[PDB]
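If you're matching positions, the sequence shown starts at 1 in the authors' numbering and goes up one per residue. Note that the Cβ used here is the ideal one computed from N, Cα and C, for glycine as well.
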Amino acid sequence: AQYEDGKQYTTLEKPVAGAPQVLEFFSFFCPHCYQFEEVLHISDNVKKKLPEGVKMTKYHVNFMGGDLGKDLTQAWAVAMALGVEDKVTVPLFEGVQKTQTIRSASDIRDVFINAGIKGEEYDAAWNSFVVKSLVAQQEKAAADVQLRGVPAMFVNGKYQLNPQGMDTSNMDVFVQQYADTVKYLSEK
Numbered sequence: 001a002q003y004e005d006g007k008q009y010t011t012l013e014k015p016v017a018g019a020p021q022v023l024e025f026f027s028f029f030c031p032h033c034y035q036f037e038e039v040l041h042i043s044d045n046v047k048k049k050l051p052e053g054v055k056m057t058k059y060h061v062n063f064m065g066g067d068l069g070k071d072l073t074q075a076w077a078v079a080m081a082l083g084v085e086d087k088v089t090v091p092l093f094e095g096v097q098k099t100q101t102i103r104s105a106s107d108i109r110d111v112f113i114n115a116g117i118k119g120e121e122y123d124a125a126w127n128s129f130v131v132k133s134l135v136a137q138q139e140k141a142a143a144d145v146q147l148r149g150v151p152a153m154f155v156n157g158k159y160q161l162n163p164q165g166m167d168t169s170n171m172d173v174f175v176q177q178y179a180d181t182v183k184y185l186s187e188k
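Laid out in structure tokens, this is it:
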């Protein structure tokens, strides 16, 4: 067929109960994740084709970057709690990988301050139990899909996107296939 198990996607041998409809994992340390987000715009292209009533969820992972990696997961939790993902995603990627001016938790915070989040607001979120639970949620989700690497995307806790079973020639053809595959899986 056009879409095939083992090709554009694979099927989790152990399906995840109550999973987000579309779940992306990434790290601000991850070079391919930088490409996915800042050059290929995978998240955006997926969301543009999702059925109505399908929300997209994105989680950070700890296993890259040691202490700063975990700081970044906690800062991503702050971004989710405050609803400012679309204000900090680009400067966090660029700060870690382009300028490499993000080397500590304080450097992460600076990104939020520069983007207009009050220090007061950031600090209260950072130290909140709501953010600790969002960190725990992200770690939980990774365990649930038995995550081994990033970037990664899962649909309805059942299917895993398989970009290596897609075409790599045209970035754009690749992005279109990826986005079309997510849409197909969402309706499956």
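Express the C-alpha separation of residue j and residue i in angstroms, rounding to a whole number.
{"i": "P31", "j": "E94", "result": "11 Å"}
{"i": "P20", "j": "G157", "result": "7 Å"}
{"i": "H41", "j": "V88", "result": "15 Å"}
{"i": "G53", "j": "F28", "result": "28 Å"}
{"i": "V90", "j": "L147", "result": "24 Å"}
{"i": "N45", "j": "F129", "result": "33 Å"}
{"i": "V111", "j": "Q2", "result": "43 Å"}
{"i": "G116", "j": "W76", "result": "16 Å"}
Taking the DSSP output, what are the residues bridged to residue i?
{"i": "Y59", "result": "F25"}
{"i": "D5", "result": "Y9"}
Between residue i and the rest of its own chain, which residues show a CB-CB distance below 7 Å, the 5 nearest in sequence each way excluded?
{"i": "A125", "result": "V78, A81, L82 and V131"}
{"i": "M166", "result": "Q8, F174, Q177 and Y178"}
Of the residues the options, which one's Cα is nearest the Cα of residue i?
{"i": "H60", "options": "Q160, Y34, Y3 and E52", "result": "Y34"}
{"i": "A141", "options": "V16, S43, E121 and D123", "result": "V16"}
{"i": "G18", "options": "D180, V155 and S169", "result": "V155"}
{"i": "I108", "options": "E121, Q74, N162 and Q138", "result": "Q74"}
{"i": "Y122", "options": "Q146, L147 and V84", "result": "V84"}
{"i": "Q160", "options": "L134, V182, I102 and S169", "result": "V182"}
{"i": "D67", "options": "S106, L147 and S186", "result": "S106"}
{"i": "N62", "options": "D180, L185, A136 and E37", "result": "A136"}
{"i": "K48", "options": "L185, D180 and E187", "result": "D180"}
{"i": "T57", "options": "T99, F36, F25 and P51", "result": "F25"}
Check for me: the beta strand (DSSP E) holding residue i runs from which residue to which?
{"i": "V155", "result": "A152 to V155"}
{"i": "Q160", "result": "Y159 to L161"}
Along the alpha helix (DSSP H) that carries residue i, what are the first and last residues, could you check?
{"i": "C33", "result": "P31 to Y34"}
{"i": "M80", "result": "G66 to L82"}
{"i": "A179", "result": "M171 to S186"}
{"i": "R109", "result": "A105 to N114"}
Residues in its own chain within less than 6 Å of residue i by CB, not counting five upstream and five downstream?
{"i": "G65", "result": "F29"}
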